[PDB]
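Engineer: If you scroll down you'll find the structure; I have some questions about it.
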């Protein structure tokens, strides 16, 4: 069950206290990178949310944003500190006697800190519900990372069927070609004995690609095994494609017929198509 | 039918609610890279945008930008908390009694946090219209790719004709090639123990026949509906292989000059293929 | 010793003056960058906090914040009468230049320092705050040292897996060489061609040299032994480990290129996976 | 071509929107590090700038700063939301009826968010101009590296000439020293003792000549300067290959100073070790 | 009065202006390397503080850090920038001419940045107080060096006592040693009269064990004399241990007696143990 | 005129445009490393300051910081008149909707962008900054030469001790060479080894010429005379002196190895001590 690095998932929780929205987005990356945007009230929640994200995700760049819109009507009714307000008025009266002018503004006294305050302090209860909501949107994020990736797995397996069908097309042509190479050489040597076949068969071992086709088939069987294991295989699959293309290039190099060369090109096209999908794999 | 990797297309939809613009540009790239610049309100549309673009475009580095301009009257309405405003006015009246002076500033009451708030309009009907404009931008984008791709197809076909013209030109010197072919073989016999005269490959007719089939295959590749950019690049490497083998053989001035011209045509074709998806 | 460049540590100190909790976190960054979020009362403490943090922390992007809430302590406040008179006389000079204006009393009280809390002394709170800061920093260093030791165990776990893949390849190597020469003679027996004297031996020597990977395997084992030595000596560990990974990777690529067996190729891929896993942890090293 | 890892490049473009300045500074470093300091508006351009620089530059430590100056007066005329302003005034009128007093400040209405908003100028045309100025700065930067590399090569070749001058300075002085050492031995021996079998004298003179002989290290120093000039001629892996020669240069100079029986030869060996250190200063700057 | 290179000392001075703290720590080094961490206000003190550390210390790697913590006080008078205030009033007059109305608030002009500037603190009186605290820290740093240095001196003298004790153990075998020395000479006289070469004169120079023990006992009495010196003797004692090993190399190389060989090995173990402690002596 | 690598120099200048301070400090380094902390207005001066410093400094790690404090326009502030008119016209529109209000002038000035960037003649100021850099750079070298003269006196004081130890060994050497003739022949008589008569006497003095340290003392005295000559060079001689001390230490080790007398061994140790003391002063020499 392979997963992809790029996915999106947003969840919004509505309550009397307020509305909070968790958004998670991700893009392909070489290593895991985490970025968190949180409100000031839930800034203390940043270490807790980072451990959950990092434990669940092995690789990829993920940005998580939480936006809290509290309800001011559900906010507790404001209390007026009468002693502090009188303490500020008598202080301003002293300033007015020094300046011999000025007028106290009532709104400014209310704006002074501690004069009008709210003591709801319900943040701890809603934070536990936000943490439970974070696990829900993180599961929606993981299920989206696992939804796609099954499609990527099918695309790679479809190309893996194309490379194995392409080597059997080379396997049938090759013995016919090996005999043809001896014939054209003999006609050229018209102007030129025993043990000439001894040098021919050693040259034919350099032309033969059976050992290389065997390795390529072994790499395909391994690639099927790599897709089934449940771990990070994004980079391992990329290293495997370098060996796929290594055998394709040495096959196109030792190719002496145009039919085999066209098959080697088809192999390299399928490898490029697989490498494009492996980039999206974690 | 082949599509160039670089193209540009913009579409703007105007309505009473506001105006939005879909700008989309692309450049050449080995694999498909999708970068989206979307407003915070339409940030949720990003997975839907990626689904539509990735399905339609096989390869290339594409950047898509969306900019939304809301009408100043639309998506705009003030919500005034009447109870909280009355609470602040009565609290300020109490302060005015202790101070025996002062005047309540109205805008200061509005700037109090809980007093003023803005309502959230339903962007669902707009988002569906913004999403439909993206489909139209993709249609204008792929046709601009096909228009530039047809010019690249003509340049490659024009130089494929010069490749075949050079292959026929060396086959006029074919009788001289056979003379030089046998003469090289007998001179090595004259020089004569690890005598691998068999290992020497001097045949050039197979190289020309093998190269001539690649040209016929290249025309067939250009007719394909799927992406052909990477396949043509691999094909040029085989064009270069047969030119490199023909390059090693020094026969006469006309043959060597034709081999030089062949490699120039391949490089000119390979430069245009980098622009092909 | 080695220290993990990313770590977290917070501490809360409660007192009669109020409650203040120091919280500092770090992420892996190529340079030292300290961002502080301090209250207005402790805004003057910004320079001394920066010097103390940067003296013990050599590298990394650190975000340190302090949350402070004043305690009413059940309402009387002190008034800086001299500072208020200083501002009124300074405003009177401005009024004579402008020839207009009125001094707002609340605006004078809004000036910093004009109003102060009687229940608390700012200098006494700052001394407790500064003493709490170095306590968080000392625990912050330990949080880096413990997680740094965790990164060391990860690299050693992958190093022993690297040296296990090398001896796994060298066990297959003699069998592979004999399989290649036996594959050659079987085709000569099928072809019934007359065998020549020492022509076979010279071809066997040539292929043996092409498949020979002895220098790459010995060079890989020298790299793992050097990596343990670099990991033991705790001087410039973060930089010197980066160079070893490039040497590990080019020997693995050279091995994968010169390989003729699919099983050896699979082992070379495993090496490159282990190298990539080691590189991921080396970035976290300070 | 050899290129110095220390250079400075600057490029300024003038436009109606303002002026943009690029600055490049490079310091020697074993790895390739690139640090970028861009404005908040063009912070999205960093991954595009990083690709062009990392692809065109070899190893080193590079710092990039982009300074963007807005004209302010020439562009960005403020637009007034008349509908929102009237909405706030009617809302404030309601509060005025409740309080039965107050006065609406006009500038307070303008300072309300969204009332007076400047139209955002599309930075697409300006960012393309900045990207075009970047590759022009990289061109000046590469040229500066190549011109400084030629200066480092001249300094290395200048010291190499001083190395050969010291080697032949020792070679001419060596036979004079070997004759004086023979003349001293026979004089000390004849002063207090008799000649010993004649052939024993020749044996001791041969042993003495072998101990003071430095011709092997002296010939090996001259072989090192010829390979060093060839290495400078080669433009492939010049930095890694040139470090090895300095250790070999310093190896032969140390063994030469150890076998130096004459003070003028020892001073020449020290001058060699000074020239080697001066060459080592330039090689850490090259690739 | 020998001193160890590793030592630590701190001092804090308190005043109404604030509090400052010096902190010195050192480790072993071949030469003297000093590193200073100073506040930006007292950066100018770096050349002065270096000369003082340099005067009382000869070798070692010290790191000297200074923490300056001024008390947070708004008591400092704020200068009224009369120039800038007049610049703002004339600018506001222009706005009044355009609007044809308005009034300049004096408090708002004061709130404008730069109009009220805090008086620069003359730290000359504080710097002299901080420099005086450095002298106290250096004095505490030196006594910490001398305290640890006395323990090293006692440990070296204990090892020197074992050296002389092992010498006496070999001195008893001296009549047996002189027999073995004479046996080496007569053994080299083999096939005596075909090569005209006499290694006997050379061998008499190489096996002068009696002079080694005498010269070794002279090095011990000199080592005691070196410990009583006032100047730093760290490098001198290390050079002395090289000579201790030279006199004991012949005893370990030649097996005159199994008991003598054991005593020679213990003799070289003591030299290595003294070498380890001399690393810590300045 | 030798110069120490560690030095400090700080200069402060005042003008109508403002006040700026150059600060230069340096420490020991193998080669020359220059780092610059410059304001944003004078970041363009960095390539000019670098060539100026590198011209007069041969090696060392030097940090060069410049603090520039701008002064408000003394003897008028530039004001965006069109933006201010646009805000007054917009406020007038609000005043007719509300039918009340008064435009506060300071509130218009507080608006972002109304106060344009203040006029500064950066070209005329930078020329004064460059002239102050030269003064600080010349003031920096005076601090180098002052400390260097102290290092020169310490080295010359130890060089006098070297020649004093050399002549002490020189005087005792002819006596000790005679003592070995009588010492070696006595050991031969103890074992009753037959004398070779004249041939023994010849080999004895040939061996004595091998033990004779007079050749090492002559070379060492020539190195002392050369070290005085090196101290008079105007160029940097920090590295050359270090290479010279290696030859000092080479002859001393050869002296201690060939030593046969405890007093000569103690004198060789005194030589090695003086050489280490000179090396400690030399490590600070440019």
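Protein chains in written order, with my numbering: chain D, 2 to 283; chain X, 108 to 384; chain H, 6 to 291; chain Y, 519 to 805; chain U, -4 to 277; chain Z, 8 to 293.
Backbone N, C-alpha and C fix where the C-beta goes; we use that ideal spot for every residue, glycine too.
1) In the DSSP assignment, find the alpha helix (DSSP H) that holds residue 240 of chain D and state where it starts and stops.
2) Run through DSSP, which three-state label would residue 97 of chain U get?
3) On a CA-only basis, which of Y:655, Y:790 and Y:544 is nearest residue 680 of chain Y? Give me that one, please.
4) For residue 298 of chain D, is the classification buried or exposed, using 16 other Cβ atoms within 10 angstroms of its Cβ as the cut-off for buried?
5) Could you check where the beta strand (DSSP E) with residue 185 of chain X kicks off and where it finishes?
6) Does residue 58 of chain H pass the burial test, meaning 16 or more other C-beta atoms within 10 Å, or should it be called exposed?
7) Please list the residues of the stretch 101 to 119 of chain Z that have a C-beta atom closer than 9 Å to any C-beta atom in chain U, keeping them in chain order.
8) Buried or exposed: which applies to residue 284 of chain Z, given that a residue is buried once 16 or more other Cβ atoms fall within 10 Å of its Cβ?
9) Can you look up residue 225 of chain D in the DSSP assignment and give me helix, strand or coil?
10) Nearest by alpha-carbon distance to residue 62 of chain Z: which of Z:141, Z:32, Z:24 and Z:37 is it?
11) What separation, rounded to the nearest whole angstrom, lies between the Cα atoms of residue 328 of chain X and residue 338 of chain X?
12) Is residue 41 of chain Z closer than 8 Å to residue 17 of chain Z when the C-beta atoms are compared?
13) Give the straight-line distance between the Cα atoms of residue 739 of chain Y and residue 733 of chain Y, rounded to the nearest whole angstrom.
14) Enumerate, from N- to C-terminal direction, the unbroken beta strand (DSSP E) stretches of 3 or more residues contained entirely within the stretch 58 to 84 of chain Z.
15) Measuring only the C-alpha atoms, how far is residue 646 of chain Y from residue 640 of chain Y?
16) Please state the DSSP three-state secondary structure of residue 115 of chain D.
17) With a threshold of 8 Å between beta carbons, is residue 235 of chain U in contact with chain Z?
18) Please name the residue, chosen from U:233, U:236 and U:259, that lies closest to residue 244 of chain U on a Cα-to-Cα basis.
19) Tell me, please, which residues DSSP counts as bridged to residue 545 of chain Y.
20) So which residues of chain H does residue 541 of chain Y contact, with C-beta pairs closer than 9 Å?
21) Tell me, which residues are paired with residue 562 of chain Y by DSSP?
22) Here's the rule: buried if 16 or more other CB atoms are within 10 angstroms of the residue's CB, otherwise exposed. What is residue 188 of chain U?
23) I want to see whether chain Y comes within less than 8 Å of residue 48 of chain H, judged by CB atoms only; does it?
24) Measure the Cβ-Cβ separation of residue 242 of chain H and residue 290 of chain H and say whether it is below 8 Å.
25) Check this for me: beta carbons of residue 30 of chain Z and residue 38 of chain U, under 8 Å apart or not?
26) Quick check: what's the CA-CA separation for residue 114 of chain X versus residue 259 of chain X?
27) Which residues does DSSP list as the beta-bridge partners of residue 21 of chain Z?
28) Expressed to the nearest angstrom, what Euclidean distance is found between the alpha-carbon atoms of residue 245 of chain X and residue 278 of chain X?
29) When you compare the CB of residue 183 of chain X with every CB in chain Y, is at least one pair closer than 8 Å?
30) According to DSSP, simplified to helix, strand and coil, what is residue 638 of chain Y?
31) Could you tell me whether the Cβ of residue 213 of chain Z comes closer than 8 Å to any Cβ of chain Y?
32) In whole angstroms, what is the alpha-carbon distance linking residue 111 of chain Z and residue 121 of chain Z?
33) Distance cutoff 8 Å, beta carbons only. Does residue 40 of chain D sit that close to anything in chain H?
34) What is the residue span of the beta strand (DSSP E) that residue 293 of chain Z lies within?
35) Which same chain residues, not among the five before or five after residue 20 of chain U, have their C-beta less than 6 Å away from its C-beta?
36) Could you work out which residues of chain A lie near residue 121 of chain D, taking near to mean beta carbons separated by less than 8 Å?
Structural biologist: Walking through what the data contain:
1) First-last of the alpha helix (DSSP H) with residue 240 of chain D: 235 to 254.
2) In the three-state scheme derived from DSSP, where H, G and I count as helix and E and B as strand, residue 97 of chain U is classed as coil.
3) Check the Cα spacing between residue 680 of chain Y and each of Y:655, Y:790 and Y:544: the tightest is with Y:790.
4) Past the edges of chain D, shown from 2 to 283, lies residue 298 of chain D, and the structure says nothing about it.
5) First-last of the beta strand (DSSP E) with residue 185 of chain X: 185 to 187.
6) Here residue 58 of chain H is buried: its Cβ has 16 or more other Cβ atoms, across all protein chains shown, within 10 Å.
7) For the stretch 101 to 119 of chain Z, the beta-carbon criterion of a distance under 9 Å to any beta-carbon of chain U is satisfied by 109, 110, 111, 112, 113, 114, 115, 116 and 117.
8) Classification of residue 284 of chain Z: buried, given that the 10 Å Cβ count is 16 or more.
9) Reduced to three states, the DSSP call for residue 225 of chain D is helix.
10) That would be Z:141, whose Cα lies nearest to the Cα of residue 62 of chain Z.
11) Their backbone Cα atoms lie some 8 Å apart in a straight line.
12) The Cβ atoms of residue 17 of chain Z and residue 41 of chain Z do not sit closer than 8 Å to each other.
13) Those two C-alpha atoms are separated by around 10 Å.
14) List check, beta strand (DSSP E) in window: 67 to 77.
15) Residue 646 of chain Y and residue 640 of chain Y have their alpha carbons spaced roughly 11 Å apart.
16) Three-state result, residue 115 of chain D: coil.
17) Residue contact with chain Z for residue 235 of chain U: present (Cβ-Cβ distance below 8 Å to some residue of chain Z).
18) Nearest C-alpha to residue 244 of chain U: U:259.
19) As DSSP reads the structure, residue 545 of chain Y sits in a beta bridge with Y:579.
20) Residues of chain H passing the Cβ test: none, with the nearest at roughly 18 Å.
21) According to DSSP, which records beta bridges pairwise, residue 562 of chain Y is partnered with nothing at all.
22) Residue burial annotation: residue 188 of chain U is exposed, with fewer than 16 other C-beta atoms found within 10 angstroms of its C-beta.
23) Residue 48 of chain H does not count as touching chain Y.
24) Yes.
25) Yes, the Cβ-Cβ distance between residue 30 of chain Z and residue 38 of chain U is below 8 Å.
26) The alpha-carbon atoms of residue 114 of chain X and residue 259 of chain X are separated by roughly 13 Å.
27) DSSP, once it has assigned bridges, lists Z:26 as partnering residue 21 of chain Z.
28) Linking residue 245 of chain X to residue 278 of chain X through their CA atoms gives a straight-line distance of about 49 Å.
29) Taking Cβ atoms only, chain Y reaches closer than 8 Å to residue 183 of chain X, which makes this a yes.
30) Coil.
31) So, interface residue.
32) Going by the C-alpha atoms only, they are around 14 Å apart.
33) Using a Cβ-Cβ cut-off of 8 Å, residue 40 of chain D does not count as an interface residue toward chain H, since no Cβ of chain H sits closer than that to its own.
34) No beta strand (DSSP E) contains residue 293 of chain Z, which DSSP labels as neither H nor E.
35) Spatial neighbours of residue 20 of chain U in its own chain (CB-CB distance under 6 Å, excluding positions within 5 residues in sequence) are listed in chain order as 3 and 58.
36) The structure shown contains no chain A; its protein chains are D, X, H, Y, U and Z.
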